[PDB]
Amino acid sequence: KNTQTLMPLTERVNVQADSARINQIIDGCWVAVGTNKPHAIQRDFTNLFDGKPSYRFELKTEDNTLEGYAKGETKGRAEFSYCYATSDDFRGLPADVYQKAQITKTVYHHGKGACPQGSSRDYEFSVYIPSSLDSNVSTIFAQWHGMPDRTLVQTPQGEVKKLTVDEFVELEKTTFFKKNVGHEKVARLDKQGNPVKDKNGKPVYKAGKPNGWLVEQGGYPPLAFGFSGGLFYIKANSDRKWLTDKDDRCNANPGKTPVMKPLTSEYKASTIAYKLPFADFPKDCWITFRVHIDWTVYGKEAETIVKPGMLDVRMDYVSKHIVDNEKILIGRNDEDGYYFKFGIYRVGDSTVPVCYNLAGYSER
Ligand SMILES: O=C(O)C1=C[C@@H](O)[C@@H](OS(=O)(=O)O)[C@H](O[C@H]2[C@H](O)[C@@H](NS(=O)(=O)O)[C@@H](O)O[C@@H]2COS(=O)(=O)O)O1
Ligand SMILES: O=C(O)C1=C[C@@H](O)[C@@H](OS(=O)(=O)O)[C@H](O[C@H]2[C@H](O)[C@@H](NS(=O)(=O)O)[C@@H](O)O[C@@H]2COS(=O)(=O)O)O1
Ligand SMILES: [Ca+2]
């Protein structure tokens, strides 16, 4: 009933498919993604950081709104993305550039907030973990995410090739994509033999059988900071395959994979760079992470590792050098780069409630 200390921020931008409208942008630099329940993300006027409102993220137990990897598994999301495009990013261009970017899901590739392939960048942000946070949460609170372009496809005959935007736009007319997998696009039909339309007159389609096409979509985040199994962990992922293979689920478990011993497949590596028992992670105070990433350089279609990456992390609240300039494989073999998000990404088929605050982001 006191609604003065917290301000719901409920606008959500589909950053891959839609430009952010000015009145959806937060503090001139963020848009929000994930569930839009009023408590999911709020500006917090009580817990100030550097004398300014911080951001309170909350997922209650019922707040998983996304399908997880396995049938019957779900996941939850309330995050800020530092990467999005606005209408100004398409200013003066032919109308079809934006329209085709929505269909190819490459809208945010036209916007600010990404770091290119093989680049080096410094990041800083702060987190505030309440003492009430359950030690068995399974949540990623900051991540650096790839930006694959789904115009890189595999044909039914197994050829990996780059479609032009126009070619992809044509393919999407006949193909219903379920994540990365193409299916025959089938019109649902009424009884007079006509295509069904929703209440707004929009034609409705469903997926038929797989049609052989695959597109580059999804993939693990190259870097994630989170809690799992009673540990705070930092996990780095690398994928050197030109077209990522979604079936190759090379993914280290902080509870099972020893620290700094990469788990590898033929193309992927997943490394737990740091672990700290949950009780040793400070509570009810602001912790500032300083992160330096030298992104791995990959050889594109050659699939080589041209140059290894490196990861450095400091944790201040005292300064602990928790990841000390580690040579590491980190990134994705894509044409495009990486963007930062923070918030709640509740994974591992968990519904344990999550709530904490974040603030103070910068990158250089
Ligand atoms: O770590 C994640 O946030 C995450 C990994 C992504 O690879 C993707 O996984 S997936 O299960 O959906 O395949 C989901 O990431 C993107 C997702 O790729 C994207 N789909 S797209 O628009 O068709 O390209 C969309 O669903 O957004 C999610 C998260 O991105 S966002 O939080 O910046 O919006 O989850
Ligand atoms: O081992 C996995 O591949 C894996 C474990 C699952 O528990 C799943 O979490 S769940 O809540 O969806 O069930 C999970 O998380 C991945 C997710 O699959 C991936 N999407 S994809 O690459 O496009 O398929 C992406 O969003 O990253 C998350 C982070 O994985 S994590 O669980 O290791 O944190 O995948
Ligand atoms: Ca790729």
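Start at 1 and go down the list; that is how both ligands and their atoms are numbered. Positions are given from 1, in the same order as the sequence printed here.
Under the 4.0 Å criterion applied to side-chain N and carboxylate O atoms, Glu172 and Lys185 are assigned as salt-bridge partners. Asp245 has no carboxylate O lying under 4.0 Å from a charged side-chain N of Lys268, or vice versa, which leaves the two without a salt bridge. Salt bridge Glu58/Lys60: present, at least one basic N to carboxylate O contact under 4.0 Å. Ion pairing between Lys37 and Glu62 fails under the 4.0 Å rule for side-chain N and carboxylate O.
With distances taken over non-hydrogen atoms, the option nearest atom 22 (O) of ligand 2 out of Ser350, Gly219, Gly218 is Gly219. With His145, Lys341, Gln16, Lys246 as candidates, the residue nearest to atom 5 (C) of ligand 1 on a non-hydrogen basis is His145. Distances from atom 32 (O) of ligand 2 to the heavy atoms of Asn180, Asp349, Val347 show the closest one on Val347.
Distances from the Ca ion (ligand 3) to the N/O/S atoms of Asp334 are shortest for OD1.
Using a 4.0 Å heavy-atom cutoff, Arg77 is listed among the residues neighbouring ligand 1. Within the structure, ligand 2 lacks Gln217 among the residues with a heavy atom less than 4.0 angstrom away.
Those atoms of ligand 1 with a heavy atom of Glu79 less than 4.0 angstrom away are 32 (O). Atoms of ligand 2 lying under 4.0 Å from at least one heavy atom of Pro221, given by number and element, are 27 (O). Residue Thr74 approaches ligand 2 through these ligand atoms, each under 4.0 Å from one of its heavy atoms: 11 (O). Using a 4.0 Å cut-off to heavy atoms of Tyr69, the atoms of ligand 2 that qualify are 12 (O), 13 (O). Taking a cut-off of under 4.0 Å to the non-hydrogen atoms of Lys75, the atoms of ligand 1 that pass are 11 (O). Contact atoms of ligand 1 toward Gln143: 1 (O), 2 (C), 3 (O) (distance under 4.0 Å to a heavy atom of the residue). Every atom of ligand 2 with a heavy atom of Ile140 under 4.0 Å away is listed here by number and element: 34 (O). Of all atoms in ligand 1, numbered sequentially from 1 with element shown, those under 4.0 Å from a heavy atom of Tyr339 are 30 (O), 31 (S), 33 (O). Close approach of ligand 2 to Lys235 (heavy-atom distance below 4.0 Å) involves ligand atoms 33 (O).
Taking the Ca ion (ligand 3) as the apex, the angle formed with OE1 of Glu216 and O of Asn333 is 150°, to the nearest 10 degrees.
The main-chain N or O of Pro116 is never found under 3.5 Å from a side-chain atom of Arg121 such that the two would form a donor-acceptor pair.
When only modelled atom types and interatomic distance are considered, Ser54 and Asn357 share a side-chain donor-acceptor pair under 3.5 Å.
Between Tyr233 and ligand 2, no N or O atom pair is found at a separation short of 3.5 Å. When only interatomic distances are considered, the shortest N/O to N/O separation between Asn14 and ligand 1 does not fall below 3.5 Å. Residue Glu67 has no N or O atom closer than 3.5 Å to an N or O atom of ligand 2. Not a single N or O atom of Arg346, backbone or side chain, sits closer than 3.5 Å to an N or O atom of ligand 2.
Minimum heavy-atom separation, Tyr108 to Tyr84: CB-CA, 3.9 Å. Nearest approach of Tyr339 to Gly146, heavy atoms of both residues: CE2-O, 3.4 Å.
Looking at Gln143, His145, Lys75 one by one, the single match for side chain to side chain donor-acceptor pair (under 3.5 Å) with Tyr345 turns out to be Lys75. No option in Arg332, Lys241, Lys246, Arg150 other than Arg332 meets the salt bridge (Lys or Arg N to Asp or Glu O under 4.0 Å) test with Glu216.
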**Study point:** Worked check of ring-ring contact (aromatic ring centres under 6.0 Å, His included) between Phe141 and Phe57
**Key:** CA-CA 10 Å; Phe141 64 79; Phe57 291 83; over 10 Å; no

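Among pairs with a residue in residues 2-16, those fulfilling side-chain hydrogen bond (donor to acceptor under 3.5 Å, both in side chains) read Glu11-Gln24, at least two apart in sequence or across chains.
The Ca ion (ligand 3) has no N, O or S atom of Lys241 under 3.0 Å away, backbone or side chain.
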Show every donor-acceptor pair shorter than 3.5 Å between a side-chain atom in residues 162-171 and any protein atom, with sequence neighbours excluded, or say none if there are none.
unit_1	atom_1	unit_2	atom_2	d
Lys162	NZ	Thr151	OG1	2.7
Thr164	OG1	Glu167	N	3.1
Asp166	OD1	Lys100	NZ	2.6
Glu167	OE1	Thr164	N	3.0
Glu170	OE2	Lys173	NZ	2.8

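By the criterion of a heavy-atom distance under 4.0 Å, the side chain of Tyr345, and not its backbone, is placed next to ligand 1.
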